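# Examining the three-dimensional arrangement
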Amino acid sequence: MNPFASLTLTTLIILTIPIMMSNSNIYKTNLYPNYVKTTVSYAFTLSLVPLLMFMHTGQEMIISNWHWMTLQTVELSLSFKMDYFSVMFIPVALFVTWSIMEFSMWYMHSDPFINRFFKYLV
Amino acid sequence: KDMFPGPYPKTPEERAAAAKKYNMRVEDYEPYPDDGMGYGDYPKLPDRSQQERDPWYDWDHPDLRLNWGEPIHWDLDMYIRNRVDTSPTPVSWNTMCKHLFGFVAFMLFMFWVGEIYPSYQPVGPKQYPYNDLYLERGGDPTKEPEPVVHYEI
Amino acid sequence: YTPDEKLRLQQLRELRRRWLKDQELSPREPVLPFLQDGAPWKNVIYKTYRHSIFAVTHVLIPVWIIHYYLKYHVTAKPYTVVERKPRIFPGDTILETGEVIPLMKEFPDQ
Amino acid sequence: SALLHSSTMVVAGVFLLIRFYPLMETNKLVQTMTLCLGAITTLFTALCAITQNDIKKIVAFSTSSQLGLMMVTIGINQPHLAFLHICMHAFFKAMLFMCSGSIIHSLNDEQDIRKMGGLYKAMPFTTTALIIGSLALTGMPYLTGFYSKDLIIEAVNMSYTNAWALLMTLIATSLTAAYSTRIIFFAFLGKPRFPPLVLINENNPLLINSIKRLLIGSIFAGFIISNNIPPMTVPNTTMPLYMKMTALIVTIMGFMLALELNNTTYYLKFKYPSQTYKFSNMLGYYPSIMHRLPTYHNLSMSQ
Amino acid sequence: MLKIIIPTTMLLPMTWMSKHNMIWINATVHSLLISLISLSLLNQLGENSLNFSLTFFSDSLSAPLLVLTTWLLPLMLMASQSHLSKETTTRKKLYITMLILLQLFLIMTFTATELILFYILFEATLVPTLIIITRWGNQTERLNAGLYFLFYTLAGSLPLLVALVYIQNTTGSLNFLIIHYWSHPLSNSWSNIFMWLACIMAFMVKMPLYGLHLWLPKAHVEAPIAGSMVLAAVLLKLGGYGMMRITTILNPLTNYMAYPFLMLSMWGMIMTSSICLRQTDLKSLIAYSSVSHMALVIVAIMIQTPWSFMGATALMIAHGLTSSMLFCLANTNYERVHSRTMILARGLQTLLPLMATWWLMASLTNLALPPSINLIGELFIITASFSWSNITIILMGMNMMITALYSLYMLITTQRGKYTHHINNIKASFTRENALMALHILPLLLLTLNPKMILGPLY
Amino acid sequence: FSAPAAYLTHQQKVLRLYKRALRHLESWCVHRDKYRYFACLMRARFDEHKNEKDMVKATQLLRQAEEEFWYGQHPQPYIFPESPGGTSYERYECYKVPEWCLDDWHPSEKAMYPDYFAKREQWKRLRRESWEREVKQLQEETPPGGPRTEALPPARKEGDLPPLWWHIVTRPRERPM
Amino acid sequence: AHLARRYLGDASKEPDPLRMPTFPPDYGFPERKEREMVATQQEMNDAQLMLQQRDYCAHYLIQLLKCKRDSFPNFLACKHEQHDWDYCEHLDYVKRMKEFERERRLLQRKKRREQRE
Amino acid sequence: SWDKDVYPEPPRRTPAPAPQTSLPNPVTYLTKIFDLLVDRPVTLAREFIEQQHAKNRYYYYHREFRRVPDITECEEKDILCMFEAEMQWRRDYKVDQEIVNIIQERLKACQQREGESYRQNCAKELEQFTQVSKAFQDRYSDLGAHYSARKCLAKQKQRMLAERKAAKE
Amino acid sequence: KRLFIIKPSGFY
Amino acid sequence: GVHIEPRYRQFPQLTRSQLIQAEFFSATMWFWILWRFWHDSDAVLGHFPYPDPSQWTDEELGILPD
Amino acid sequence: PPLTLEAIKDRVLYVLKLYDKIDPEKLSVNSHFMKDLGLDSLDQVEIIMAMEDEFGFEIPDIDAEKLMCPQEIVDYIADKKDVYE
Amino acid sequence: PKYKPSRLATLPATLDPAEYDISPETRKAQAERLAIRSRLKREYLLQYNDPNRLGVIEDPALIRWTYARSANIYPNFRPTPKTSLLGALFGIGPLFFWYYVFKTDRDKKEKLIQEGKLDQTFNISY
Amino acid sequence: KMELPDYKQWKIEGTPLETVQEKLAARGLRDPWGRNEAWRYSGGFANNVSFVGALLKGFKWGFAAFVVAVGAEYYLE
């Protein structure tokens, strides 16, 4: 139960790393699409674990980490609903995205802005 | 000052001067009907989109498909290639509208008919225990539910 | 083609081909003259080293940070990580123990 | 188009409806509206796809029809079945789109099926992947699509349902089988129709590996997920045999009828288009009057 | 509050006694410092306002606007450096002093405790604006534009002066605190109806109500870049702030008198967004977009619910920033091609890539893309109006759709397509313009992390 | 391309219809053998009345064919990828940077391509010198009341270039990348 | 089938799927013993079964859930337990199906009773 | 840390692990790997940071405002009393908003925790939220964007007049 | 053959 | 890269790993289908026979004679 | 695989050779279809169609009707594809 | 059959009778049109291929189009009965329609609140 | 450089284009482009499998592995 929250949040956080690094020198080289593909693959591998936990027990949670603003009697907070739907759809989406990104590294090779294409995909 | 749009031309001399101003021919130049809408002497070019124009011609502006100095239609912005297109279609417009709207109406009517005559299987209503899960389905615990009993058949 | 048209086309073709040949890079294009690519990256391992440093910087640091935030946040504020109650079957629990097996019918067939 | 508008983005609405399932269960009018909308989408989009000549367009209309089927599954108060169908449809439809993209790239940005042919043995790996994906889409038993589409059809049949919606769903399944035949006959079978200077090549590690992973996923993930997820819906154990086989029967009928018409195309009997063919090819005329009249009225009013 | 007023006044002798090579530099430095100091005003209390003295006060409504003005002055200087480069030193100093006087007057409007002092300064803001529009404008229509703007504002505001003096005579005071505590219900007599109008029409003219909005397109098109920036960012929010301040003494007659204005704004948003759909001038399109956005603030103020006021404040701040940035982008395009025709220069996405990203982000903020404060304000106002009446949602959704349509249409027309062949004067964008866009965007995106700051006193 | 004409003759219009008819026939008859069979039959029809001399009847022959063509026109005819209405139409238009953008480069940027820029300046010199001839040449050959066709004269004498050549010659390629 | 009889034939003689049942339960049969429920409310709640999944076959479903939880990682070690649940559902569906025809037969015998007068 | 009375949590009933198959449960191995590679370094870092915090231990206090006479006990134009009462009323309004927020947090926690049996097992939480919501809507609602203590007093007087009229009928 | 790529000034 | 040389109206060009992968995966799909059908033919056909309505008797449905 | 001038010439001559109405032996680079060969306007249209469907790019009608010489076709294709060698 | 054209689907050039007029007058008209077009193109290309131009080739046509759309509307406006009636029905018509709709909705809501027949169980945010 | 195949090896003999030529000869016409379109029916492009053959691709080894795998279960249980 304790590893569940960490893994579920990391699977989403890791996807933001290529966006952050797009300001660095990696974005200017030809290694960026491969870095993006590897990041997505690692994200899928990490997302497999919460799916295994759910299959084993049925672990479903809600992570209301950041409190954004409270409008009198209404509290709006950054909350993620980690349930059957999310925990199962995340690995499928990441797997498809990984395959698509490899197929794009092949297909969109000639494009002058392939780094932009991969960044938009992420 | 004389190369700006002016009032609606009235004399044939004004109609020739306006035609010369807009780089047109006097015979071809036709201003909008002077109904007071404020069009003025601006020509009423044919109401055809920028998609009908010859795509193989070497236009001064390729995407807009226009030539420098050529008079610009009043509704150019509406008639650009990114917007309303008046190019001819294989099927006549009336036929397309008739077929589309008839198909939609037929679908809606048939769905209404199917609602009148729904599809179902030859089985009784599925029964549940505890008076149809009265308490489970947000029921009042204080009030005792009406007895719902299902027998073995 | 009229003769003037053909001659103009030929001359334009000559000029266009000259321009296209001009649009060709020389044997070199001078690139401006890398401490991180010196001693750190002379011939550093392009295998295990890279595939491990990437894994670290992309999963291990984020997971450490998120887990530490899940020490800063979860038990410091109520109703922040609400886990669905684990399903309870006719089995033994942990803290209090106990169990109640249900009365069972019998149908070996199917 | 393979990532967003095939597997992940276009299912956002279906996932939104799935998310609010405990609320839609209480209401009844909304369920009927979802069911009717889904049936309309399935029938219309499949009918449009049958006479499309652009492979990407055919696959897009297939995505639309599958989304309509998911909406129908929502209308039958079967949300988890719709989610499972989303999961499987992502798997096989992304692979279908990737195969289409491989075909396009190999033939130098050619997307019209009429100028593609004889690719069965010229591109064996993409041919295999396309065949497997089409079989999964058409609910071939014990594939990824079998654990979703077959169960959806079975549930729809054994439920209190709008009859015409059920009829439209069955016809839509037949037409899915039909357009699948189209993307095989006019693309891989027959004699080549692409221009000379053949540049067909697919021995790229990236393309092969991606399509291979999606193949493994479109073959076995269905079984794995179905056997691993907890049961969330009462199964339709007993059902009339003919109703139990309806899905396969309709798929076979669609396969046979489409292939028959595909063979008749060879016959030197050039005719003129029928009204129905024009209706289908022109997408029911919908993106011709609804994209000209409302837009013109709004813009002219604004001006 | 003098910690901000005194340096603003001292900006004038500083610029007047500065070398001809240092007016812009010194002005920027010390305007930015003044904004940094005014950032301290955001520490508002939960219930009570910050009463500095008898004359000046600030609450969670005044502080965001003050910060916006103090932040916008340097941006105006940076935007106006370009075209005012061949002007003589004295006229450059005069322009800078006009901007400084406008900023000072705006600060003293947003901080005034007396309604009549607020009126005096909020009408004093006309003179620097009018001069800026009619003296440094480029076209020949700047003279008519200045008259339209000036006369619309004055014809709206003079009955407000009469009503304020009448209220002073009858109630004994015009202080905001006293007029808020000693508040009394207005009867349904004709006299109260006309007092309500006199108090309302003045601010309805300022934030352009549909029908009284004809001055805004002329003013925003014919004025220089800095003038358009203030007119769009602060001079429109003046009316909203005044209405939110005065609605305290206009109840409960508003419940029945707000219907004409509510309907006018809820239809004018659609009408002006449709007008934007069919505009040929970039600045005119931006001005009509501003009208459409301010219609929502008018609705929110006229509904008088806490969510409506929060959405109104958020939308005011967000719209000010977005409109200022859009006008700056249009100014850059104009300074490049020397024409405001939208269809003139095309395919700018291939010649100016970073400017294209700035256009994209500005348009996304304009169409209320989550989680921007634009969307926060729009959604709060939409929820408030839906609670007011469920039918409102149709107009709100149509307005959102048309806003997205015309914003993306502007993006496609300007920063997309095939480049204009004959145009050859498009040089690489300067560091100054990119810095201006960055300073417009970054606070806007950062405010989404702490939206509570700009959500008004009812948060 | 080539300069157009004020009108299309009956010969030109018939040929234009013929190409459209065969291309639409290709779209309908997907199979190559099937198309070739009906292509000759189409060719026969365009040769049945080729020798018809009555232009009134010849125009009437055209009219009936166009009406037949429009009704038998394929709703979704095949379009070449790099053609108007094609899937790859204007696809690389966002990469065609005009040549004058190179003059705005920073000297450091120009320092990385010395040979290209040096050769580029020679092209600028050629345009600057030849322009006066082109201005002169156009005036001479042009009829007094301006031109009446878009066709431009070639380089009549030596040491001269076709007038108005720069943009046609220095145009961006089809795949600038 | 039965749909055609209620739509093309005698609708009155065909049972209404929604109004079913109409005839009294004990009517006809000399006596009808009620249906026993093996699972208790607490067990189904502690098992967090879905409301639609709380029919009479709930106990078999609970056993299947327990085996699935315990047999992990082996996800193919519950064929017997799965077969137990679906067979019960077949029994219930057959029981429900009989109810439909009881309604039809009682309707026709009512029509015979109607025609008797 | 938080008072469990304010935020009630039911006792945790977690089923015991009773495997029947002999296959190695990958979940257990993955959890051990996680506890070795993430938990241990995170716990060590938290231990270090908590030691550093305990080295410099300082306090902050909860400001307490004494009760002030309400708007009811306030003369017509007594601006000082009115200001005091208005500030106290605004503080009470904020406190009641936070009370409603706490009740809503309880309701959300109950809804998530109970899983598929939330409808029956959160009736008490729903009842508490209904009571608090009705009370809040009676007190703080329809006041408008320019609410004041005088306006609540007026609404309460209107409600009490309605109650008297109902009682006398 | 490596062909020169015509780009707008990206230095600024 | 010209490891796969282009062509003309001549016949196409192939390699070994490509054909091997295609045939292997097609055979794997068919093998999976056959294996699952042999093990789990119930899913396609049915596990429990659909009961025969008319077959049931009146007393069985609790019905008395007219 | 960029097209070269000689490759384009070879392919054009290939297409012309595969035309039975043109005898390959007398076929040359400068074989004017109207004058040297017996090809009429319809034959010109058909050969232009063959060239455009062999190279996979359409030739405009106002350009198609003015090719005649096969070398004209070769150089026009080289212009469209920007072949300078 | 025959093709019926509309405003959104114009008559194709092939099915247009005017495309087939070979009368010398029509040919002369086409010649004049081509002459005007070629003169304009020549001027534009002379300004466009000039190596001494470092600005924008101002287009009088675009300027006239912009002026006529914005600045020439009112001076050429005459308050005819058609214009006045259209202006009224498009300006105050929708306003009164929306006022009626919203007023009726608000009146219904207020009536339901007054009689207590409207449920507001959890309406604590407005 | 691509070695262009000899243009004389393209013949309509046996190819389905020949059937078209015979029918055209019945009407007194001759196909003028059969040789240019004959490569599509020649070489390795001459024999594509049927629709049923395409779907049954790999069924030979699939059935072979299935029988072998089935024997293993029956043998070891």
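Residues numbered from 1 in each chain as written, not as in the entry; some residues may be left out. Chains lettered and ligands numbered in written order. Part of a larger assembly, values for the part shown. Heavy atoms only, no water. Residues with missing side-chain atoms left out of burial classes, pairs and counts.

- Structure determination for this entry, per the PDB record, employed cryo-EM and reached 2.88 Å resolution.

## Description of the state of the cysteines
All names here are of chain G.
- Applying the stated criterion across every chain yields a total of 4 disulfides over all chains.
- The residue that forms a disulfide with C67 is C78, at a sulfur-sulfur distance of 2.0 Å. Taking the sign of the S-S torsion, about 135° here, the bridge from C67 to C78 comes out right-handed. Highlighted residues: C67 in helix α3 (residues 58–71) and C78 in the loop between α3 and α4 (79–116), separated in sequence by 11 residues.
- Accessibility expressed as a relative area gives 6% for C67, which makes it buried. (Disulfide = S-S within 2.5 Å. Helix = DSSP H or I, 4+ residues; strand = E, 2+ residues; numbered from the N terminus. Buried < 20%, exposed > 50% of the residue type's maximum accessible area, 1.4 Å probe, protein only.)

## Side note on the arrangement of the chains
- By contact count, the leading pair among the 44 pairs of chains in contact is chains B and L.
- The two units chain E and chain J never meet; even their closest C-alpha atoms stay 31 Å apart. (Contact = heavy atoms within 4.5 Å.)

## Description of the environment of K:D10
Residues and elements named next belong to chain K.
- Position of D10 among the secondary structure elements: in helix α1 (residues 5–17).
- Separated by 19 residues in the primary sequence, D10 and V29 have C-alpha atoms spaced 10.0 Å apart.
- Polar contacts involving the side chain of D10 include one to the side chain of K9, which spans 2.9 Å. (Polar contact = N/O pair within 3.5 Å; in protein donor to acceptor, adjacent residues only side chain to side chain.)

## Comments concerning the interface of chain B and chain L
- Each partner contributes residues to the interface: chain B has 48 residues there, and chain L has 41 residues.
- Carbon and sulfur atoms make up 57% of the surface buried where chain B meets chain L, a total of about 3800 Å² over both sides.
- Of all residues in chain B, B:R25, B:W68 and B:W93 bury the most surface against chain L, accounting for 20% of the area lost on that side.
- Seen at the junction of chain B and chain L, the total is 5 salt bridges.
- The residue B:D77 makes a salt bridge to L:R69 at a minimum N-O spacing of 2.9 Å.
- For the side of chain B that touches chain L, a count of residues per class yields 20 nonpolar, 13 polar and 15 charged. (Buried area = accessible area lost by both parts, 1.4 Å probe. Salt bridge = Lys/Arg side-chain N within 4 Å of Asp/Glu carboxyl O. Nonpolar A, V, L, I, M, F, W, Y, C, P; charged D, E, K, R; others polar.)

## Digging into the pairing of strand β2 (residues 74–82) of chain A
All names here are of chain A.
- When strand β1 (residues 61–71) meets β2, the two strands line up antiparallel, connected through 9 bridges. What sits directly across from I62, in β2, is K81.
- Connecting the antiparallel pair β1 and β2 is a turn made up of 2 residues, with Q72 showing a positive phi of about 60°. (Pairing = 2+ DSSP bridges.)

## As for the nonpolar core
- In terms of nonpolar packing, the biggest core is built from 438 residues, with A:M88, D:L119, E:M302 and E:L329 touching the most fellow members.
- For this core, the leading source of residues is helix α6 (residues 79–106) of chain D, giving 18 residues.
- D:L119 has contacts with D:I103, D:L107, D:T127, D:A187, D:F188, D:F194 and D:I200, leaving out every residue within four places of it along the chain.
- Counting 28 residues, the second largest nonpolar core, distinct from the first, contains K:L27, K:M51, K:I59 and K:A78. (Core = buried A, V, L, I, M, F, W, Y, C linked by side-chain atoms within 4.5 Å.)

## What about helix α20 (residues 431–446) of chain E?
- In a regular helix each residue adds 1.5 Å, so 16 residues correspond to 22 Å; α20(E) covers 22 Å between its end C-alpha atoms and thus fits that length.
- Buried within α20(E) we find E:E433, E:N434, E:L436, E:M437, E:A438, E:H440, E:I441 and E:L444. (Expected span 1.5 Å × (residues − 1).)

## Observations regarding the packing of helix α15 (residues 293–302) of chain D against helix α14 (residues 259–277) of chain E
- Where α15(D) meets α14(E), the axes come as close as 8 Å, and the angle between the chain directions of the two elements is 100°. Classed by the angle they form, the pair α15(D) and α14(E) counts as roughly perpendicular. In contact with D:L299, D:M301 and D:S302 of α15(D), α14(E) contributes E:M271, E:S274, E:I275 and E:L277.
- Tallied by class, the residues present in the contact of α15(D) with α14(E) amount to 5 nonpolar, 2 polar and no charged. (Axes fitted to C-alpha atoms, helices over the stretch in contact; angles between N-to-C directions. Parallel < 35°, antiparallel > 145°, perpendicular 65-115°, else oblique.)

## Observations concerning the packing of aromatic side chains
- Counted under the stated rule, the structure contains 115 aromatic pairs over all chains.
- Here B:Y120 and G:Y7 contribute two aromatic rings whose centre-to-centre distance is 6.5 Å and whose plane-to-plane angle is 85°, an arrangement assigned as edge-to-face. Note that B:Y120 is positioned in the loop between α2 (93–116) and α3 (129–133) and G:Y7 in helix α1 (residues 2–8), a pairing that runs across two chains.
- A relative accessible area of 2% places B:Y120 in the buried class.
- Looking at G:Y7, the relative accessible area reads 25%, which means it is partly exposed.
- Between F:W165 and F:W166, the aromatic rings sit 5.5 Å apart at their centres with planes inclined by 75°, giving edge-to-face as the arrangement. (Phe/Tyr/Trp six-rings, centres within 6.5 Å; stacked < 30°, edge-to-face > 60°.)

## Considerations on empty space enclosed by the protein
- In this model, the largest cavity occupies a volume close to 590 Å³.
- For the largest cavity, the lining is made up of 28 residues, of which E:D59, E:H180, E:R245, E:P457 and H:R90 are closest to its centre.
- In terms of residues, the lining of the largest cavity owes the most to one element, helix α8 (residues 176–181) of chain E, which gives 5 residues.
- A breakdown of the residues in the lining of the largest cavity according to their chemical character gives 14 nonpolar, 9 polar and 5 charged. (1 Å grid on protein atoms, 1.4 Å probe; cavity = no way out; pocket = protein on both sides within 12 Å on 5 of 7 lines; lining within 4 Å. Points joined across faces, edges and corners; volume = space filled by probe spheres on them.)

## Comments concerning the sheet that holds β2(A)
- The strand order β2(A)-β1(A)-β1(C) describes an open sheet built from 3 strands, whose pairing is antiparallel. Every interior strand has two partners, whereas the edge strands, β2 of chain A together with β1 (81–83) of chain C, have only one. On average, each strand axis in the sheet is inclined to that of its neighbour by 30°, with strand direction left out of account.

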